[PDB]
Amino acid sequence: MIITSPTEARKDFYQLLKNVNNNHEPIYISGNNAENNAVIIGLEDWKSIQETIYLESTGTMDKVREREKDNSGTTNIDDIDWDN
Amino acid sequence: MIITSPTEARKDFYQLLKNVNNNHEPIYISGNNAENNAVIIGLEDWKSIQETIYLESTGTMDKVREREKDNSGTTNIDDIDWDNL
Amino acid sequence: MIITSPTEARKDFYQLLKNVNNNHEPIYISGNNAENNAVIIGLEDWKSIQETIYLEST
Amino acid sequence: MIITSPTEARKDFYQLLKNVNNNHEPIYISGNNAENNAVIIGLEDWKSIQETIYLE
Amino acid sequence: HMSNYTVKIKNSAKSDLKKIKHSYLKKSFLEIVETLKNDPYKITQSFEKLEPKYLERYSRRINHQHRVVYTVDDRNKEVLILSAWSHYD
Amino acid sequence: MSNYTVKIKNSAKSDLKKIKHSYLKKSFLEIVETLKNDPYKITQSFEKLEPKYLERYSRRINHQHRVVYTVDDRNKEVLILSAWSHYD
DNA sequence: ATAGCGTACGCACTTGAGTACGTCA
DNA sequence: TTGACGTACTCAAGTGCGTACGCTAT
């Protein structure tokens, strides 16, 4: 857990940007006003996160989670008859 | 609508990127390999489209359209009883 | 989120157009100039987007 | 959302931290060093995103 | 008790406010309301004019995931909130 | 024949009905061909979903719909859990 | 007696932008 | 011939990066 002030984060900004992409751990910025606290995340890690919350907002993840424990059986994708 | 080939789009690429942001009209890229066809849209114009598509994808716009047509009434937001709902 | 400068996009412009159709992900063009900020969408995805906004309005 | 280079972001760094929270928008940092791209989001928005990832 | 605009919500959309409360988003939602009371067209909170433009539906962000969808009556200076929850459940 | 055996959950076969009637069958089939050869191939906007320890993955049919699947690396079996990212 | 801010410096490194060439099908 | 395609040149304009200053708030 790396937490830093906004002023020191500004002075180490280029090195913080390289840090999140090498360690894959976000940097937290905390200043005098807690409502301005921010997080720095690597772009590739952010892609996994955005895709996850998008599939959650559409209700897909709830279906995926329910289908994982529904005990309905599996069918090979070659045995699928598209005409039926 | 402005339509151009990929090769022509590559020659005038920097001028096309400034057209979508000034003319606010998409540029259509159509070439001999139609499977690679694409469209260029200004970023500010795209944000409204992506926001709308997200609200459509989540079923929110279906709720909005259905709520616009019902006769359920209206409550002032200051009169909301947060402790019971 | 795929972000590239206009200069880097023009060096691999043809591969960019193929990737946006095979991966179905928009590609954001952004460089030193805010007048170049744009997005590149595949035509089939763009038509699917246009139909969603238009069909459900009718 | 906003896409900008780290040099431009550093000139308005304090306003950046306020905008990601007040606008609930991600601000993408993308410069010439394309491998060091990142995103800056508000902490409260990040907490909600965390709770969404681990909700069953 | 007095502001530039009257902010209201469709009663059928009040179901969204219960999900907002239990998600601890009430504070962020009320910040949207205060802006809607003062100026619903203010370029803040990721304000966006939804498509198609002629239907004049607008959107503001509670966070990255949820939006406040609303229309504005300019004659009566009233804001009609039609949605405050952007997840399917 | 192929490196991986691609299966779909029976309760998810109704998604294929919507894939067929939306002209996304060709796009969906190009994904299942990749899943037979390499489900970890960096194509089709392959993404590792969160939380990473559950090892769920997704690929884009188009801008809106995804193929959500898990991989049994031991038995070389890909299990498709969702092929339609809309509630209807 | 230090962060919070807007602003600046110096230079190596890259983009921006028009334009071009050679090869291929 | 063509578009498709990879590759190249050029110089003005901008970024990258560490580091700093003057001033206010603390």
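Below, all heavy atoms of this structure are taken into account, side chains as well, without hydrogens, waters or symmetry copies. The sequence lines fix the lettering, A, B, ..., with proteins before strands; numbering per chain opens at 1.
- The interatomic distance linking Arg10(C) (CZ) with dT19(G) (P) rounds to 11 Å, in whole Å.
- Not one side-chain nitrogen or oxygen of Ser5(D) sits closer than 4.0 Å to the OP1 or OP2 atom of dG14(H).
- The phosphate of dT2(G) (OP1 or OP2) has no side-chain N or O of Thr7(A) nearer than 4.0 angstrom.
- A cation-pi contact, defined as under 6.0 Å to the ring centre and within 45° of the axis, is absent between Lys21(E) and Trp82(B).
- For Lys47(A), the NZ atom sits in a packed shell: over 12 heavy atoms of surrounding residues, nucleotides or ligands are nearer than 6.0 Å.
- On the basis of its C1'-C2'-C3'-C4' angle being positive, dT2(H) carries a north sugar.
- Here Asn32(C) does not reach the OP1 or OP2 of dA17(G): none of its side-chain N or O atoms lies under 4.0 Å away.
- In this structure, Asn19(D) atom CG and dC5(G) atom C1' are separated by 15 Å, rounded to whole Å.
- In this structure, OH of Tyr14(D) is placed 12 Å from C1' of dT7(G), rounded to the nearest angstrom.
- Separating the CG atom of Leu17(A) from the P atom of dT15(H) is a distance of 15 Å, rounded to the nearest angstrom.
- Nearer the 5' end of DNA chain H, as judged by each residue's closest nucleotide, is the contact made by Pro6(B), out of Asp12(A) and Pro6(B).
- Not one side-chain nitrogen or oxygen of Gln15(D) sits closer than 4.0 Å to the OP1 or OP2 atom of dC5(G).
- Of the charged side-chain nitrogens involved, at least one lies within less than 4.0 Å of a carboxylate oxygen, so that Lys27(E) and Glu35(A) count as a salt-bridged pair.
- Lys11(B) places its NZ atom 10 Å from the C1' atom of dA20(G), with the value rounded to the nearest Å.
- One can place CD of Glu8(B) at 14 Å from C1' of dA20(G), the figure rounded to the nearest angstrom.
- Phosphate proximity of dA17(G) to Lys18(B): present, with a side-chain N or O under 4.0 Å from OP1 or OP2.
- For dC17(H), the OP1/OP2 oxygens have a side-chain nitrogen or oxygen of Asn33(D) closer than 4.0 Å.
- Rounded to whole Å, atom P of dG16(G) lies 10 Å from atom CZ of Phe13(B).
- The base-pairing partner of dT15(H), taking Watson-Crick or G-U wobble contacts with both distances under 3.5 Å, is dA12(G).
- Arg59(F) places a side-chain N or O within donor-acceptor distance of the main-chain N or O of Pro39(F), the cut-off being under 3.5 Å.
- Look at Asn36(C) and you'll find a side-chain N or O under 4.0 angstrom from OP1 or OP2 of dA17(G).
- If you measure from atom CD of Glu35(C) to atom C1' of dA13(H), you get 14 Å, rounded to the nearest angstrom.
- Between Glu50(F) and the options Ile53(A), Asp45(A), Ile49(A), a side chain to side chain contact (heavy atoms under 4.5 Å, CB included) holds for only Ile49(A).
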